[PDB]
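Student: Starting off with a structure, shown below.
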Amino acid sequence: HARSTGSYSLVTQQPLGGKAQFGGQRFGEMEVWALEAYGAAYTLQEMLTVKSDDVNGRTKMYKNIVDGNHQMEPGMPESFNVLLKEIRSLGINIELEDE
Amino acid sequence: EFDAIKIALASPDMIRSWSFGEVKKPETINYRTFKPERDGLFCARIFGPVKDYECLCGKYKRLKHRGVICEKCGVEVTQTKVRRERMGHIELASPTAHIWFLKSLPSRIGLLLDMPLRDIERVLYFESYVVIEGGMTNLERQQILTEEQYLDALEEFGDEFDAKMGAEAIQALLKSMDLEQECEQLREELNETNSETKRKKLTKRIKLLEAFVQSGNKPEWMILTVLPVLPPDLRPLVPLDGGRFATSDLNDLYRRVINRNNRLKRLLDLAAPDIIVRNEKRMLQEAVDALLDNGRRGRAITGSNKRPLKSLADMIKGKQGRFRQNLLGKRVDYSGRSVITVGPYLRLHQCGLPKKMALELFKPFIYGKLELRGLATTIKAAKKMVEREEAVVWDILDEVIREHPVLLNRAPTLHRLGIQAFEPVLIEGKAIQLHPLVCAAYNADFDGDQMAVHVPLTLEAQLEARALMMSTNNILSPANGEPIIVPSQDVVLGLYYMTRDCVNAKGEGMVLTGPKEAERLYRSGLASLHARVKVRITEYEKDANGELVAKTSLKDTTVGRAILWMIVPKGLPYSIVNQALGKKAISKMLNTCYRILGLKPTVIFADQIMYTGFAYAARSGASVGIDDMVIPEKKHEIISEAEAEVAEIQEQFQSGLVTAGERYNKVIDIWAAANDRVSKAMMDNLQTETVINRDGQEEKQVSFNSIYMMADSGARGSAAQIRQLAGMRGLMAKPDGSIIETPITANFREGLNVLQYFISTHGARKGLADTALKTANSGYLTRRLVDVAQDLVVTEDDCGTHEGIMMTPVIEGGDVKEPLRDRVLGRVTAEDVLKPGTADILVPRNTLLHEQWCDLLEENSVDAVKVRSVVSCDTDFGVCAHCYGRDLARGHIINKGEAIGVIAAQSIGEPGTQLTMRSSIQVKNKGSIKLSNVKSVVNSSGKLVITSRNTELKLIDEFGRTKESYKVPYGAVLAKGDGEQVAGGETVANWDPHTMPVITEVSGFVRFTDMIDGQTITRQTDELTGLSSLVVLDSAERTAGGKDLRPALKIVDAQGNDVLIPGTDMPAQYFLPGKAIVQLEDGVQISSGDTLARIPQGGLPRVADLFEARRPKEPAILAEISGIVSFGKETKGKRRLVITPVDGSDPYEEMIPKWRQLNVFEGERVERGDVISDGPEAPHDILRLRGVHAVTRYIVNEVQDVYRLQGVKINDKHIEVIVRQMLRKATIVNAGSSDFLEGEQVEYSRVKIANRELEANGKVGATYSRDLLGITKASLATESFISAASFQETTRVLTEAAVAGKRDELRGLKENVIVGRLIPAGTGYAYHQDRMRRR
DNA sequence: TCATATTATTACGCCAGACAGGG
DNA sequence: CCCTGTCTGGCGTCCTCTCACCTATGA
RNA sequence: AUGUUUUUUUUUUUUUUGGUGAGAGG
Ligand SMILES: [Zn+2]
Ligand SMILES: [Zn+2]
């Protein structure tokens, strides 16, 4: 099985799972620890922001690849803003501070 | 873009500021059409239009007026994702307190209003009343009231009196709670009391009272008044395949809260009576509490069928919340997965990758390449071209592959060598071809395994895959110094068959002018691959400074050793191939090649090793047959001699001469002896079976048996497995844990019958159950370790210290187990090591000890090295580059940046699978004696007896290093003395552990002081001997009239005056303990070394109990202060022990549980770190008593003992840094001139920078005290709540952070993996240097 | 079809952490 | 009042693949 | 040498841009 780009889920902006659903590989927790074990800071940054979740990042990246410019414009993951709204939907005021 | 994440409470004004419209109706959707509800949960005006830039109902179907809201639609006009960020709010009719601040353990409202949880819930569920500023009545403010208590009060205090209930009353209490006022009171209460329990109970209440005043969190924000609703997009309502909507659980929760709130508003309209609106508000309280955190209240609500439905807190917490399932691990585009296979033609920087996966993973690069050439125009055309797969896109694909690495990943990645980057080579096929040597890194066999491929998209990621994660760059395991590209199984058989010899072959003893014609004689058919031969080889030894000097000579060698010499690079000597080359020898061949010639010859030489091993293993034809497993001819007579022996033992058992346990022990002993004899018979019969003549009489050699080369080469097989295929397969054990007395005398070449196979299945089912349940604890151990580490980044170059732990070789009592060169390899010395002669600067004080320095250490026989350890590093927030050590997979020091906490945590937890889950001293060598911790005396006979319990007996050799060590008890008969030379095997120690000696220092006469027969001691004349002994009783058997009497022996002179201790003016009286029996009676003159009484008496969960720092059930008790010791009160729960120091203050004591067999007498002076009883010892006692270096030596020795018992090589840096992360918190003792509190627990770097910026001023600092937290308590007690929330319980940590108003200055690895940016360790450390500089 | 709103099983194994009881 | 059983909560491995099954009521 | 010397309607518009549970592999 292989996946470059196709459909994703509803709640989250990450790719679907499985083969019958044309989906990508779950880059799990211990693989993130293995990339932290190296100096792979940029590989991990595209591994969890551009390739997976951030919608503006992935559309800009697809257009940047097909122009011939391997460069990522990262932004913030969508599932973290989902986390902010689920935490904030309690009596909890979680924010994002100064520039 | 943004610094720290701030968490605080949500005010009702803040919740109305989040909101966009009140969600009234609970009606979800229409359900018969497609439209929602106006205005229900899924509204239009409150949130937004379903369709993008459209009024859902009807107006604006173009792009001109985005925003207009007509009365017929009551709809906003924006994007489809606008509803995902917009949230609604439910105006709760009746106030409802939060469940996270009422049941968090400890509750936030429980230790703030000074009221028990039980009483808080009673009033909260409309079952109890609470008073609130009554007035001039006889009632308190916190005191509650019941129906009867209120009824009577109602008729009594009908006027000025307030007694409400529920959240409303609670809210008022919190609202009317002067925070500041309580502070002073609490502070004054803590300074006006001495109660230990109260002190801790008051310090925990004042801590959460002053923390609330420090932030902008109000006391009335605990109760929920304006409940917030999560965005619809985040609670999606999609239908499955069919005609119904599979609705989420949160819609059930919100719809019930809104149904109940509408009912409560209608009842407060209608003026229903009291009990109706109490049940109505109570059902609303339980509905809100079920929405927020379901199931924390009594049994959780359920929709379909009996399974409870999932609430908001269950969208956060757990293994499947947002942290562990969508933020730490994500699903990933440009990724693939398939079954692996070998492909041995590969070079070790490249892997095979199928054409179909390659054309799917590289669709955008192919699109960009196709658009560059000009073959097509629009993007559609290119997608049709690769959907059709024409003849021109495969050249495009070979031009996008070429220099573009991919990340191969095996699915259980345990350490960092399980993600490696290759270059693709395209494969006709559907299976990833993976280079074989690399398999030993992935733990990948080829029995059905699968791997995932990931594509580095951007340019920095291609460079990270080539420069950090390439497979040529990972040739040493980061856990140690051992190479991980060791040749595994076929190739060592090909080498072991190639470089060997036989006593006659084709071309025996002919002479050859080079290795080239050695291979030419092997190929043409004129010699054999193993035929001993003088060749002329030219080995290049590089003895100058970087210059290779040729020396050519004639080596008496074989043909195969010359053929393998054609592949060895220049610098290695010929003697690396002159031996037989098993697996350990080829591993040290690649290791010496890496240490001498560097990286590139070692990569190309690893490939040439693998190619020549595969080729000559193919030419070998090394099969396995049924005749290869040679049965010993002596096996049947050994079994019959064992059968005669068990027959003799059972004939004694019929006549009852021996006991049953001694029978079972004798049967297990003779079957162990017969098993060892059968193994030696088959091992001789395999290791030297070949006996071939050469030009005359016969001559023997090691065998070319196939199973023996598979065992001796170390390819696959050991002694035990080849033992079970030929000799008997031992004594298998039943699942009771005890062994079975009748062994399995049949191997596998003979047939096992039925019972023997069933006993075998006992033994093997236990092993499969152990692995399949062991793996969960191994993985959870790696998780706890990488979440306690998680932060620690090499961030300096020198901390500027002179402290470091004292690396000695470790010695258990056998031969010296782990040499000093294994422990001080590549670790930077603390002070400069003196050469063992006299005062020489052998090595300087900041040199890395690589192999050349360690060889000059081994030549001089250096005792022990004071070396720098990670736990002694002075760097605030990180570890400096010298106190870590060598890079371990790079030859140099650790770079500024490389995350060492994560590689250390992986290197400790990765061998978690291989670990298991469930008289006197006899010297061995011949050397010199030395004693430490010794205070001794010469007895009458001459044997130096010892008056100290804790004496260490070292055996030092003639060179200076310490070769043996032992522990000698109080009062033992030493055959030798101090500084003496002995012989190998001579007994040097003797004692009796069943009889605790009460030996003396001086001589004289014996008097019975406080020894009265009848109450103190008893008369027990011996039965079978007649020589009686006055038996000393204990303090429990005698009655209360004489229980105060302490029996003792004090030595006098010939007159009767007390003979004093030499050095003091005190007599030497020995107080006899309980259960003693007097050996030497009254009037008998004594000497030293003679007793005065007879006193009769682990694998992987050990690693968990060392890092998590549990206490053992019966710890060894110690002394918190030095000085004289005494006893106390007679058995009220415990038996007291009072320690009065010589110069220090007296009042320390401890109540010992009296079930322990003590070690100390009444006239004994103790010390800190000195034992009082025996058994295991908790690490907190080591930390608060001996020192920090003592507890780090304790953990690294007690866990390298597990990792060495199971045989795993791990360097000690990793355990020292997880020990650093254990003892990172501290507690204050004297607050000093700072802003801390008395017994406040604060982290160590904070208090150290505080009193280091105050001590640089005039003010003297604050004196701390370090504390050792276990790894899950230490990773949950962090100054970064996302780090402590991605890990275990999120409810406790988020309420603690919310009511404290905590802020997360990100500054670690997992905060930046959550929030989606660069890691502040690796390549991103320059980015975080830049961002930290530009503030 | 369109609002009404929650009851008659037990059978893990530590391991911390808080709580009423009593010498 | 300091030990103490006793009770309550909170953990318990990653990755993947196949299949089936989904609230009752109701004038 | 010369040409108002057989006229009649044989008619003008695009394209537009998803949970639950069970089982297997490693
Ligand atoms: Zn409209
Ligand atoms: Zn340091």
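Starting from 1 in every chain, residues are counted up; chains themselves are A, B, ... following the order of the structure tokens, and ligands are numbered from 1 as listed.
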Mind listing as a JSON list (two decimals) with C-alpha atoms, in the first residue's frame which residues of chain A are within 10 Å of chain E, counting only C-alpha atoms (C1' of nucleotides)?
Tutor:
```json
[["chain", "number", "residue", "atom", "x", "y", "z"],
["A", 9, "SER", "CA", -11.33, 12.05, 8.37],
["A", 10, "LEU", "CA", -13.95, 14.55, 9.51],
["A", 11, "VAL", "CA", -13.21, 15.48, 13.13]]
```
Student: Mind listing the helix (DSSP H, G or I) residues of chain A, per DSSP on the backbone, as an NGL selection string?
Tutor: :A and (29-37 or 42-50 or 55-67 or 78-88)
Student: With distances taken over only C-alpha atoms and all ligand atoms, which residue among B:219, B:331, B:69, B:552 lies nearest ligand 1?
Tutor: B:69
Student: Please report, as a PyMOL selection string, each residue of chain A to which DSSP assigns strand (DSSP E or B) when run on this structure's backbone.
Tutor: chain A and resi 2-3+8+15+25-27+92-94
Student: Emit the selected residues as a PDB file, in the first residue's frame, including N, CA, C and O atoms.
Tutor:
```pdb
ATOM      1  N   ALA A   2       0.397   2.293  -0.655  1.00  0.00           N
ATOM      2  CA  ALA A   2       1.107   3.565  -0.652  1.00  0.00           C
ATOM      3  C   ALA A   2       0.099   4.690  -0.781  1.00  0.00           C
ATOM      4  O   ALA A   2      -0.965   4.518  -1.368  1.00  0.00           O
ATOM      5  N   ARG A   3       0.441   5.848  -0.223  1.00  0.00           N
ATOM      6  CA  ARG A   3      -0.427   7.015  -0.276  1.00  0.00           C
ATOM      7  C   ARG A   3       0.391   8.278  -0.429  1.00  0.00           C
ATOM      8  O   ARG A   3       1.260   8.559   0.405  1.00  0.00           O
ATOM      9  N   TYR A   8      -9.005  12.029   4.050  1.00  0.00           N
ATOM     10  CA  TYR A   8      -8.859  12.246   5.482  1.00  0.00           C
ATOM     11  C   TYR A   8     -10.176  12.037   6.225  1.00  0.00           C
ATOM     12  O   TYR A   8     -11.201  11.723   5.614  1.00  0.00           O
ATOM     13  N   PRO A  15      -4.939  12.055   7.856  1.00  0.00           N
ATOM     14  CA  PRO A  15      -5.332  11.010   6.912  1.00  0.00           C
ATOM     15  C   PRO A  15      -6.048   9.850   7.571  1.00  0.00           C
ATOM     16  O   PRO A  15      -5.911   9.589   8.765  1.00  0.00           O
ATOM     17  N   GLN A  25       0.199   5.881   6.736  1.00  0.00           N
ATOM     18  CA  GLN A  25       0.763   5.124   7.842  1.00  0.00           C
ATOM     19  C   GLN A  25       0.715   5.935   9.118  1.00  0.00           C
ATOM     20  O   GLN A  25       1.071   7.112   9.118  1.00  0.00           O
ATOM     21  N   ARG A  26       0.294   5.306  10.205  1.00  0.00           N
ATOM     22  CA  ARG A  26       0.314   5.984  11.491  1.00  0.00           C
ATOM     23  C   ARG A  26       1.746   6.105  11.970  1.00  0.00           C
ATOM     24  O   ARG A  26       2.375   5.113  12.331  1.00  0.00           O
ATOM     25  N   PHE A  27       2.262   7.320  11.965  1.00  0.00           N
ATOM     26  CA  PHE A  27       3.604   7.588  12.459  1.00  0.00           C
ATOM     27  C   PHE A  27       3.491   7.757  13.955  1.00  0.00           C
ATOM     28  O   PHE A  27       3.287   8.855  14.458  1.00  0.00           O
ATOM     29  N   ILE A  92     -12.183  25.586  31.403  1.00  0.00           N
ATOM     30  CA  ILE A  92     -10.744  25.799  31.378  1.00  0.00           C
ATOM     31  C   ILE A  92     -10.433  26.842  30.313  1.00  0.00           C
ATOM     32  O   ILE A  92     -10.897  26.722  29.179  1.00  0.00           O
ATOM     33  N   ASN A  93      -9.638  27.850  30.663  1.00  0.00           N
ATOM     34  CA  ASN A  93      -9.289  28.934  29.745  1.00  0.00           C
ATOM     35  C   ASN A  93      -7.840  28.757  29.310  1.00  0.00           C
ATOM     36  O   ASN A  93      -6.940  29.378  29.854  1.00  0.00           O
ATOM     37  N   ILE A  94      -7.628  27.960  28.279  1.00  0.00           N
ATOM     38  CA  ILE A  94      -6.300  27.760  27.724  1.00  0.00           C
ATOM     39  C   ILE A  94      -6.102  28.705  26.540  1.00  0.00           C
ATOM     40  O   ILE A  94      -7.013  28.912  25.733  1.00  0.00           O
TER      41      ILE A  94
END
```
Student: Let me make sure I understand: among A:13, A:87, A:80, A:70, which one has the smallest atom-to-atom distance to residue 56 of chain A if we use only C-alpha atoms?
Tutor: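 Closest to residue 56 of chain A of all the choices is A:13.
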Student: How many Å separate atom CA of residue 651 of chain B from atom CA of residue 679 of chain B?
Tutor: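 Interatomic distance here is 28.2 Å.
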Student: Select residues of chain C: the criterion is any atom within 10 Å of an atom of chain B, counting only C-alpha atoms (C1' of nucleotides); output as a PyMOL selection string.
Tutor: chain C and resi 3+5-6+15-18+23
Student: Collect all residues with atoms no farther than 7 Å from ligand 1, counting only C-alpha atoms (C1' of nucleotides) and all ligand atoms, and output them as a VMD selection string.
Tutor: chain B and resid 55 57 to 60 68 to 70 73 75
Student: Any residue with an atom at most 6 Å from ligand 2 counts, using only C-alpha atoms (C1' of nucleotides) and all ligand atoms. Which are they? Put them as an MDAnalysis selection string.
Tutor: chainID B and resid 798:799 873:875 879:880 883
Student: If we count only C-alpha atoms (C1' of nucleotides) and set the cut-off at 12 Å, which residues sit around residue 16 of chain D, ignoring sequence neighbours fewer than 4 positions away in its own chain? Please answer as a ChimeraX atom specification.
Tutor: /A:1,17-19,24-26 /B:336-339,410-412,448-452 /E:24-26
Student: Excluding residue 14 of chain A and residues on its chain fewer than 6 positions from it, collect all residues at most 12 Å away from it, counting only C-alpha atoms (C1' of nucleotides), and give them as a PyMOL selection string.
Tutor: (chain A and resi 5-8+23-27+47-55+58+77-80+82) or (chain B and resi 325-327+329-333)
Student: Determine which residues of chain D sit within 7 Å of chain B, taking into account only C-alpha atoms (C1' of nucleotides), and present them as a PyMOL selection string.
Tutor: chain D and resi 3+13-15
Student: Kindly export the residues of the current selection with C-alpha atoms (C1' of nucleotides), as an mmCIF file, in the first residue's frame.
Tutor:
```cif
data_model
loop_
_atom_site.group_PDB
_atom_site.id
_atom_site.type_symbol
_atom_site.label_atom_id
_atom_site.label_comp_id
_atom_site.auth_asym_id
_atom_site.auth_seq_id
_atom_site.Cartn_x
_atom_site.Cartn_y
_atom_site.Cartn_z
ATOM 1 C "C1'" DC D 3 0.798 3.019 63.577
ATOM 2 C "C1'" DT D 13 2.843 -2.640 24.188
ATOM 3 C "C1'" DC D 14 3.378 -0.855 19.832
ATOM 4 C "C1'" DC D 15 2.229 -1.058 14.193
#
```
Student: Using atom CA of residue 664 of chain B and atom CA of residue 649 of chain B as the two end points, give the distance in Å to one decimal.
Tutor: 9.5 Å
Student: Find the residues around segment 902-917 of chain B up to 6 Å (only C-alpha atoms (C1' of nucleotides) counted), leave out those fewer than 2 positions away in its own chain, and share them as a PDB file with C-alpha atoms, in the first residue's frame.
Tutor:
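Wrote out-v4.pdb, looks like this:
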```pdb
ATOM      1  CA  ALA A  37      16.795  10.548  19.227  1.00  0.00           C
TER       2      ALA A  37
ATOM      3  CA  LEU B 414      12.151   0.495  20.046  1.00  0.00           C
ATOM      4  CA  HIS B 415      15.407   2.421  19.603  1.00  0.00           C
ATOM      5  CA  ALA B 479      23.584   2.069  23.798  1.00  0.00           C
ATOM      6  CA  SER B 778       8.792  -3.558  28.474  1.00  0.00           C
ATOM      7  CA  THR B 782      10.216   2.662  27.663  1.00  0.00           C
ATOM      8  CA  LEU B 785      11.572   6.517  30.665  1.00  0.00           C
ATOM      9  CA  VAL B 786      11.219   8.734  27.598  1.00  0.00           C
ATOM     10  CA  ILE B 900      20.673  12.427  25.208  1.00  0.00           C
ATOM     11  CA  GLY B1099      14.560  -9.434  36.448  1.00  0.00           C
ATOM     12  CA  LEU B1100      12.386  -6.818  34.753  1.00  0.00           C
ATOM     13  CA  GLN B1206      20.789 -11.481  31.343  1.00  0.00           C
ATOM     14  CA  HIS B1214      22.055   6.224  30.351  1.00  0.00           C
TER      15      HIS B1214
END
```
Student: In Å, rounded to a single decimal, give me how far atom CA of residue 10 of chain B is from atom CA of residue 91 of chain A.
Tutor: 5.2 Å
